[PDB]
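The structure appears below as structure tokens.
Values below: every heavy atom of this structure, side chains too, minus hydrogens, waters and symmetry copies. Chain A is the first sequence line, chain B the second, and so forth, proteins listed ahead of strands; every chain is numbered from 1.
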Protein chains: 4
Amino acid sequence: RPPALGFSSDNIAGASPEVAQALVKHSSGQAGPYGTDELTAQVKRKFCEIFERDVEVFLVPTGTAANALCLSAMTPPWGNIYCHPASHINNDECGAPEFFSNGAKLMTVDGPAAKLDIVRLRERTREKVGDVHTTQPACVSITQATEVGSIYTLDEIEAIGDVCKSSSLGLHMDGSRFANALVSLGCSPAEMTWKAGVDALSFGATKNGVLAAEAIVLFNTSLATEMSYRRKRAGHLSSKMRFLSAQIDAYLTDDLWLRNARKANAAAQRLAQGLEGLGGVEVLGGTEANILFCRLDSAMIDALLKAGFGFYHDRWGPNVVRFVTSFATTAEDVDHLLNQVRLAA
Amino acid sequence: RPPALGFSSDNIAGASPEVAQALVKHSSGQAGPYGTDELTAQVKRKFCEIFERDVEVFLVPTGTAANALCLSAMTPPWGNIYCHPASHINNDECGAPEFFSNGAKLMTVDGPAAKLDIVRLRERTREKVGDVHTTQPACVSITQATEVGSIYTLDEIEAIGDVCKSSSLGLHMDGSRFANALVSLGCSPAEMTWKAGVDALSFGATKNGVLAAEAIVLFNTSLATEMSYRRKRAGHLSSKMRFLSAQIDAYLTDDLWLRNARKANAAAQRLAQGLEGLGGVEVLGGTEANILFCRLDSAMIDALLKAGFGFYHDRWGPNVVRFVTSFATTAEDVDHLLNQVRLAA
Amino acid sequence: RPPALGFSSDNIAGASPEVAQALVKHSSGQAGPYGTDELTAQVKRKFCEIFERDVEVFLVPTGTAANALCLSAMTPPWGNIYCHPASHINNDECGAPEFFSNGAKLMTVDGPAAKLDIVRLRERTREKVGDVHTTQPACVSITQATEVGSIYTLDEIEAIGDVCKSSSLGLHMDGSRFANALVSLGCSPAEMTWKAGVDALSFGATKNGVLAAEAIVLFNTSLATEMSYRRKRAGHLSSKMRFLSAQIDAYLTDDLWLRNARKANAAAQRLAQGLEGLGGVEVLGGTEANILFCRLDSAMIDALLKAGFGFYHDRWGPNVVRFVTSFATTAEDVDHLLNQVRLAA
Amino acid sequence: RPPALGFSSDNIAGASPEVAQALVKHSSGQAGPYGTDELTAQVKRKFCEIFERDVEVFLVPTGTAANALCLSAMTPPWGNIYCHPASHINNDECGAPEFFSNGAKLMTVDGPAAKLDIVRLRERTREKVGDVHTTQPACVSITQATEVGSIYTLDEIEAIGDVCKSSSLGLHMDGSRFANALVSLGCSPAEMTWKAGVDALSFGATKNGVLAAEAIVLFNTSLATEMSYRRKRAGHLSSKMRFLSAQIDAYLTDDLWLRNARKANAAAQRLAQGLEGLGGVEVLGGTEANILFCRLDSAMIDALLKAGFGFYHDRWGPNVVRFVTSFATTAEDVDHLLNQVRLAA
Ligand SMILES: *Cc1c(COP(=O)(O)O)cnc(C)c1O
Ligand SMILES: *Cc1c(COP(=O)(O)O)cnc(C)c1O
Ligand SMILES: *Cc1c(COP(=O)(O)O)cnc(C)c1O
Ligand SMILES: *Cc1c(COP(=O)(O)O)cnc(C)c1O
Ligand SMILES: [Zn+2]
Ligand SMILES: [Zn+2]
Ligand SMILES: [Zn+2]
Ligand SMILES: [Zn+2]
């Protein structure tokens with residue numbers, strides 16, 4: 001197979017062969033609609049096992065929907081949703097959170113590496129509490145792993161959870177790349193979520209191997225009923241649910257999801273180790289997951305561009321490039337990029 | 001294969017083997033996200049060919065989303081969406097139209113067989129026009145084929161189109177079962193849509209053979225831009241679009257969609273012909289598509305229920321039963337039901 | 001003074017001289033804004049006395065705002081607001097309820113004389129309860145006195161309250177013409193509201209004597225906090241609240257409001273007694289409040305129209321006219337209309 | 001009269017005696033409702049004269065409503081409303097703009113003295129234009145005079161207008177204190193609005209002398225129709241409009257509004273001139289309107305507080321106090337404050 005030249009995002013990758021085959025297997029026969037079938041029930045039982053707790057699960061088509069739905073059930077229209085200014089909900093959902101929540105307001109809390117600064121968060125969540133002329137603190141959202149591939153430690157997450165419980169705020173986790181942060185920390189799903197104070201999680205699978213299926217995992221099960229209506233009302237209740245369930249079931253079979261995440265993180269780590277010490281190349285950050293950033297010589301950026309590589313190079317500081325690897329990124333794919341970088345140095 | 005005992009709805013069926021296999025074929029390699037890939041472009045070209053016109057296409061996860069999105073772009077918040085009181089948008093979307101349109105109001109216009117009465121429609125669309133204290137006529141929605149399996153004729157559709165153009169109202173078609181009405185009429189997609197005045201269509205495929213992929217087909221292309229944002233904002237813009245595109249492409253290959261619709265309609269027609277003249281059985285309607293209604297003796301309803309058949313029997317008048325067939329309903333499946341009806345008579 | 005020829009509605013009348021003078025008295029000095037002044041506190045204490053209970057009060061600019069705000073706090077976006085099809089919320093608020101509630105859906109329940117039929121209400125409020133694809137029963141709204149001048153008896157109101165408590169539904173009262181129904185029944189404010197099960201009331205004063213000031217009276221005080229934010233968010237929290245408070249205080253001084261209502265009802269009753277037995281004139285209904293309907297000979301309608309009288313005559317059945325009297329309608333004003341009717345018969 | 005000790009805001013003042021008397025005069029007789037009366041027509045003609053142009057006028061109860069309504073007609077739900085982070089729409093309307101616009105997003109553009117920095121504005125309004133995943137630039141809002149009493153010059157306003165026309169963005173002016181900036185500049189209403197590119201103005205009168213009546217002045221008259229429905233739908237269409245019209249008519253009679261603004265600005269200017277050179281007192285800014293800020297010795301702040309003065313002293317930097325004067329602030333009121341400041345120094 002020729003080397004895959006795309007490193008723009010993990011969203012360009014396909015799906016593990018086991019996922020597509022699960023769809024084939026489940027394409028025959030009849031099945032109750034809207035999640036009333038056995039496969040769906042099986043998947044829900046799997047989430048309970050995986051999270052070591054009775055949790056409520058709602059499979060939806062996209063991560064944007066998962067996020068907006070979660071947040072809409074955790075804030076009134078006159079409420080505030082605290083998040084990092086570089087978060088996906090504040091930048092790439094065309095205001096989906098604002099839509100689903102019926103006008104809630106996002107309040108940004110800056111911090112290095114796309115992580116909310118705990119001190120600032122503590123200050124913002126106590127602004128004008130009770131003042132009738134001001135929108136009110138309602139919930140907090142943190143992306144795990146972050147939009148730049150950094151990772152909140154178990155201590156940092158739990159710390160945010162303190163502030164949330166302290167001000168009666170809900171805590172949501174945008175886990176579009178949940179698995180990548182999970183395998184980097186080597187902790188349990190439970191330790192990185194409810195045991196740390198998370199109330200709702202956007203369990204991402206699409207970016208880590210499936211076709212199109214995300215899971216809303218509710219730890220604060222009292223929101224289940226509201227969530228059902230909100231999902232349906234937003235047009236996110238799939239009639240032939242087995243086709244979302246089949247994807248996730250495969251995803252959660254034989255530890256496929258974790259293996260896929262390990263391969264993605266392993267690929268970026270390989271890239272960082274190969275880029276360290278090359279002419280006109282400075283790796284930025286620790287490359288904790290499947291996303292790597294590095295400062296490159298412009299001429300080397302054009303050489304990579306001319307070489308047919310797909311990557312972003314204008315969204316941040318001058319000369320800062322971003323390479324994103326996926327579950328399907330082979331060691332070979334990475335070695336091709338390294339070689340082209342070397343040869344272009 | 002044993003006989004399929006479910007006739008509750010076509011939404012219990014799986015997917016044509018060609019669809020799942022298309023997903024397998026397209027699960028490898030990389031592809032631009034959010035519909036920027038070649039397969040998606042191919043599918044769009046196919047819609048233009050099929051409809052004999054440059055049309056704008058937006059693939060979405062569900063029919064509820066397709067409907068709500070279409071209607072939201074055709075009415076202001078203070079506008080009215082005219083529809084039959086038995087329509088899906090007025091009953092089974094938990095108010096999705098109201099949600100997406102930011103509060104538009106559904107105005108029902110009754111009529112036999114789930115078809116809007118043209119005279120009543122003409123009267124309702126001219127109520128308080130221009131009155132500041134009243135919501136205003138904005139658009140009209142007709143389900144083709146209807147929720148009860150009846151079909152609007154080309155003349156009836158076009159007639160509704162006159163009223164719409166007359167009052168500057170948009171005309172939307174809920175084509176959840178588009179194909180079933182199309183093959184029953186034997187007309188062209190164009191003749192049953194834009195040539196008759198339709199501005200926006202919810203092109204249904206899920207119920208006729210795919211896993212989960214519907215298509216918003218815009219004939220009034222001036223709404224394209226607004227539709228992009230609305231789709232994204234509602235969380236309905238799938239990142240790995242090839243998995244929706246692959247389904248639809250297969251659906252629109254070798255006339256699969258039409259063949260599937262023919263088989264579904266053929267199955268119901270077989271059932272109606274077998275039920276005609278049996279004890280305690282009166283077939284209601286002409287069974288124009290893949291949905292059949294009949295009045296049955298209660299005892300025969302329990303015998304079918306005890307026989308393990310799945311069907312609705314309480315949603316309408318007393319003793320009125322509904323059997324729905326799908327693209328996968330075999331002549332054998334139908335003959336089993338007929339036999340059980342006979343034996344239970 | 002010449003006779004007042006307008007009988008279109010009570011909304012054409014001005015304000016009792018005591019109201020305007022209260023504004024004069026309170027136009028000097030300084031006062032805390034947004035209802036934090038003494039006059040406002042005084043008014044709130046008056047509502048508690050008048051209703052013989054601790055109630056929460058929120059003065060707002062219009063009856064449409066009072067209605068929408070009340071209902072928005074009693075129903076989720078996916079909820080249903082039951083009301084008569086001829087109700088103001090379903091006809092003349094350009095969808096304000098739909099707006100404030102973020103998309104809730106009005107469900108009409110017909111009945112003679114603009115009064116919800118209890119049997120139908122009982123059936124509608126138990127439709128698809130718990131069904132995820134359907135909007136849910138949330139609250140009920142009854143207009144007291146109704147839009148046609150009829151009145152719900154204490155028994156009828158309480159009966160609706162049973163259904164509401166039975167299905168955990170909130171009960172709102174549109175009291176745009178609260179006082180007119182109150183003095184017709186001769187009951188206490190408490191007996192016609194909370195003692196009968198009402199949770200929220202749109203206490204109308206504008207139509208009965210003030211310039212522009214309505215009062216949201218909450219008996220279910222647990223909604224107070226939410227109501228504050230909703231009122232502010234909707235732009236209905238007046239900064240110089242004393243100018244709404246001054247109007248209402250005057251309104252509730254020396255039983256002015258009741259006296260005003262008595263005069264309005266007395267005027268319509270005088271008109272009905274004078275119209276009974278005249279050529280080409282049939283009085284319809286019992287004229288329980290300040291609104292009278294009668295069937296008149298077309299030629300007599302033009303004679304009244306040519307005589308300069310203002311009234312509606314096309315909104316109902318053929319030849320059905322509506323005369324509405326106000327707190328300022330003198331016996332003289334009524335005698336002029338009667339004379340012109342006589343002379344035109 | 002004893003000295004008025006309140007300087008918290010101009011919203012604590014009452015109304016010019018001419019306003020209350022206008023209400024008295026107009027409290028008798030009958031009048032068409034919802035702005036269909038002669039007084040209202042008269043007022044509209046006055047706005048056209050005052051602005052030297054045919055403009056559309058919509059009188060509403062509050063400034064928050066005026067703002068939200070204006071902005072809702074200038075941005076789609078997926079649009080951006082650019083404003084200063086210290087603006088009223090971004091801080092004290094409990095998200096009214098977000099509510100009325102159905103979820104539009106406020107994008108802050110910082111700058112000294114509550115004035116949007118033109119360079120930053122130019123950069124922000126061209127972010128992700130056309131990108132489907134991002135909310136889009138839609139309109140800009142500037143407060144004239146600003147929330148801190150500063151004033152945009154005719155050149156600064158027009159400059160913002162260039163950017164707006166350049167990117168097809170609407171330009172709204174929050175003129176809560178319109179008159180104060182107008183008399184400080186000595187320009188014409190037209191020069192400070194449409195001649196500089198303003199499309200919609202929240203014409204503030206309440207803070208400058210009336211009881212409760214603001215005016216939405218539309219220079220982009222093509223939005224009139226939409227505005228009517230939006231106003232009604234939001235519950236802001238007063239039935240007895242003459243009571244808003246009477247206030248504004250008085251306000252715009254014998255140059256009362258301008259005289260009132262001159263007195264307010266004159267009072268603050270007197271205060272600044274008296275505070276200049278006193279112990280432990282530093283005046284901040286040029287005091288261009290009716291709002292003054294100064295840094296005071298804590299002990300002097302308690303002495304003023306103990307003296308019974310009402311003012312804010314915690315909302316900004318340490319030791320920064322704010323005194324706001326109104327149309328009713330006499331030279332005497334100001335001399336009392338100066339004396340107490342002196343004696344407390
Ligand atoms: C990719 C991503 C999402 C989801 O995007 P969709 O295209 O809506 O599925 C959400 N959050 C983050 C941080 C992401 O990287
Ligand atoms: C099945 C159906 C739909 C779509 O329902 P989803 O479950 O949202 O895909 C829409 N309209 C009609 C008439 C239908 O029968
Ligand atoms: C007059 C009236 C209202 C209020 O109308 P506004 O013009 O918004 O104050 C509300 N309900 C009923 C039944 C009315 O008659
Ligand atoms: C006072 C003010 C308003 C209006 O407030 P309301 O209480 O809603 O009338 C709006 N903008 C600014 C800048 C203000 O100072
Ligand atoms: Zn902790
Ligand atoms: Zn025709
Ligand atoms: Zn009872
Ligand atoms: Zn310029």
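- Side-chain atoms of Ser245(B) and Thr40(B) include a donor-acceptor pair closer than 3.5 Å.
- By the 30° and 60° cut-offs, the orientation of the rings of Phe99(A) relative to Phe99(B) is parallel.
- The distance from the CZ atom of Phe47(B) to the CG atom of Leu252(B) is 5.0 Å, given to the nearest 0.5 Å.
- Side-chain contact check for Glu288(B) and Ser184(B): no donor-acceptor pair (N or O, by modelled atom type) lies under 3.5 Å.
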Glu214(B) and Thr206(B): CA distance, side-chain angles, deciding distance, side-chain hydrogen bond (donor to acceptor under 3.5 Å, both in side chains) verdict: CA-CA 6 Å; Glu214(B) 304 289 77; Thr206(B) 296; 2.9 Å; yes
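- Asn80(B) and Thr135(B) are linked by a side-chain donor-acceptor pair at a separation below 3.5 angstrom, with hydrogens and angles left out of the test.
- Between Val132(D) and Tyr229(B) the shortest heavy-atom distance is CA-CE2, 3.7 Å.
- Under the 3.5 Å distance criterion, with hydrogens and angles disregarded, no donor-acceptor pair is assigned to the side chains of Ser176(B) and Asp174(B).
- Here the CG-SG distance, from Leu116(B) to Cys83(B), works out to 7.0 Å after rounding to the nearest 0.5 Å.
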Chi angles and distances behind the side-chain contact (heavy atoms from CB on, under 4.5 Å) call for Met107(C), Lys105(C): CA-CA 6 Å; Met107(C) 305 301 247; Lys105(C) 187 177 189 176; 4.1 Å; yes
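- Side-chain atoms of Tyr251(B) and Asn260(B) form no donor-acceptor pair, as typed in the model, at a separation below 3.5 Å.
- The distance from atom CZ of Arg45(B) to atom CD1 of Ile50(B), rounded to the nearest 0.5 Å, is 13.0 Å.
- For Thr75(D) (side chain) and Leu71(D) (main-chain N/O), no donor-acceptor pair under 3.5 Å exists by modelled atom type.
- With hydrogens and angles left out, the side-chain atoms of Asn180(B) and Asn208(B) include no donor and acceptor closer than 3.5 Å.
- By the 30° and 60° cut-offs, the orientation of the rings of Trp257(B) relative to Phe178(B) is parallel.
- One N or O on the side chain of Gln136(D) and one on the backbone of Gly130(D) form a donor-acceptor pair closer than 3.5 Å.
- With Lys128(B) contributing its side chain and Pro137(B) its backbone, the two residues share no donor-acceptor pair below 3.5 Å.
- Across all non-hydrogen atoms, the minimal contact from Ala104(D) to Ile81(D) is CB-CD1, 4.1 Å.
- Side-chain contact between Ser238(B) and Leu244(B) is present, with at least one heavy-atom pair separated by less than 4.5 Å.
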CA sep, side-chain torsions, deciding dist, call: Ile216(B), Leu201(B), side-chain contact (heavy atoms from CB on, under 4.5 Å): CA-CA 6 Å; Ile216(B) 287 177; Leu201(B) 161 74; over 6 Å; no
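- A donor-acceptor pair under 3.5 Å is absent between the side-chain atoms of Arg322(B) and the main chain of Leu292(B), judged by distance alone.
- By the 4.5 Å heavy-atom criterion applied to side chains, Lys44(B) and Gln42(B) are not counted as neighbours.
- Residues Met241(A) and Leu59(A) meet the side-chain proximity criterion, which asks for heavy atoms closer than 4.5 Å.
- Minimum interatomic distance between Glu156(B) and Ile151(B) (heavy atoms only, all atoms of both residues): OE1-O, 3.9 Å.
- Note on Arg177(B) versus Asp10(B): salt bridge recorded, some NZ/NE/NH1/NH2 to OD/OE distance being below 4.0 Å.
- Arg242(B) contributes atom CZ, which lies 10.5 Å from atom OG1 of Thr36(B) (distance to the nearest 0.5 angstrom).
- Atoms SG and NZ, from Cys187(B) and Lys195(B) in turn, are 10.0 Å apart once rounded to the nearest 0.5 Å.
- A donor-acceptor pair is defined here as one N or O able to donate and one able to accept, closer than 3.5 Å; no such pair exists between the side chain of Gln247(B) and the backbone of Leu23(B).
- A cation-pi arrangement is present between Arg53(B) and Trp194(B) under the rule of less than 6.0 angstrom and at most 45 degrees off the ring axis.
- Distance alone, capped at 3.5 Å, is enough to place a donor-acceptor pair between the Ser87(B) side chain and the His84(B) backbone.
- Residues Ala114(B) and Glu147(B) come closest through the heavy atom pair CB-OE1, 4.3 Å.
- Donor-acceptor pairing under 3.5 Å is lacking for the side chains of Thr64(A) and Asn67(A).
- Within a 6.0 Å radius of CD in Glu38(B), no more than 12 heavy atoms belonging to other residues, nucleotides or ligands are found.
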Full working for side-chain contact (heavy atoms from CB on, under 4.5 Å) between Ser72(B) and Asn102(B): CA-CA 8 Å; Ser72(B) 66; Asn102(B) 299 114; over 6 Å; no
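- Side-chain N/O atoms of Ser9(B) and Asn11(B) include a donor and acceptor closer than 3.5 Å.
- At distances below 3.5 Å, at least one donor-acceptor pair connects side-chain atoms of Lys232(A) with backbone N or O atoms of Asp92(B).
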Evaluation steps, ring pair (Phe, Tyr, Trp, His ring centres under 6.0 Å), between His236(B) and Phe58(B): CA-CA 10 Å; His236(B) 287 288; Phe58(B) 306 82; over 10 Å; no
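- Between the side chain of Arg126(B) and the backbone N or O of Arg122(B), at least one donor-acceptor pair lies under 3.5 Å.
- Under the 3.5 Å distance criterion, the side-chain polar atoms of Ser150(B) are matched with a main-chain donor or acceptor of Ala113(B).
- The backbone N or O of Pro77(B) lies less than 3.5 Å from a partner atom in the side chain of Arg233(D), making a donor-acceptor pair.
- A heavy-atom distance below 4.5 Å is not found between the side chains of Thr225(D) and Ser228(D).
- Heavy atoms only, all atoms of each residue included: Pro76(B) and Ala138(B) are closest at CD-CB, 3.9 Å.
- Between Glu49(B) and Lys46(B), none of the side-chain N atoms (NZ, or NE/NH1/NH2) sits under 4.0 Å from a carboxylate O, so this pair counts as no salt bridge.
- Atoms CD and NZ, from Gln30(B) and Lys240(B) in turn, are 11.0 Å apart once rounded to the nearest 0.5 Å.
- Within the 4.5 Å cutoff, the side chain of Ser16(B) has heavy atoms near those of the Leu256(B) side chain.
- When side chains are defined from C-beta on, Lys115(B) does not count as touching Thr143(B), because their heavy atoms never get closer than 4.5 Å.
- Here the closest non-hydrogen pair linking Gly103(B) and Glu98(C) is O-CB, 3.8 Å.
- Side-chain contact check for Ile12(B) versus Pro33(A): some heavy-atom pair is nearer than 4.5 Å.
- The side-chain heavy atoms of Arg231(A) and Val60(A), taken from C-beta on, include a pair separated by under 4.5 Å.
- With hydrogens and angles left out, the side-chain atoms of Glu93(B) and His133(C) include no donor and acceptor closer than 3.5 Å.
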Worked verdict on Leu39(B) versus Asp249(B) for side-chain contact (heavy atoms from CB on, under 4.5 Å): CA-CA 8 Å; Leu39(B) 189 56; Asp249(B) 175 56; 4.0 Å; yes
